[PDB]
């Protein structure tokens, strides 16, 4: 099959936590980025079959997307904010790795990453 199984959104072995900052990442950061005009490519795992990108997972080995992150946050999958933020960053870097500078999808990611940075610049205490 061209698509791998999607990243886990739960894990019984992994310890959960809820924090003010993780709460913020879901209610404010994720759910605001979600509403951006450029959010749609990043709202679900890359479907290599659907998007006709047969080489995507030959290149990207740590896929990540906001749909996954959203479910992780809802499941309280994360231990801390940093874990969630590194997922966001993985998603953006994946886009820059797979695509070329100037590509439309890259312009989109660049715009979201800027907004993402603006919102995590200050987190609740």
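Positions refer to the first chain, counted from 1. Whichever C-alpha set is largest while still superposing within 1.5 Å between the two forms counts as the rigid core.
After superposing on the rigid core, the larger RMS C-alpha deviation in 8 other deposited structures of this protein belongs to 51 to 59, the other candidate being whichever of 64 to 72 and 51 to 59 remains. After superposing on the rigid core, the larger RMS C-alpha deviation in 8 other deposited structures of this protein belongs to 42 to 50, the other candidate being whichever of 42 to 50 and 85 to 93 remains.
Between 106 to 114 and 10 to 18, it is 10 to 18 that carries the larger average Cα temperature factor according to the deposited entry. Taking only the listed residues 93, 68, 82, 32, the entry reports the highest CA temperature factor at 82. Sorting the modelled residues of the chain by their CA temperature factor places residue 43 in the lowest third. Split the chain's modelled residues into thirds by C-alpha temperature factor. Residue 73 is in the middle one. In this PDB entry, the Cα temperature factor of residue 27 sits in the top third of its chain's modelled residues, the highest group. Compared with the other modelled residues of the chain, the Cα B-factor recorded for residue 50 ranks in the highest third.
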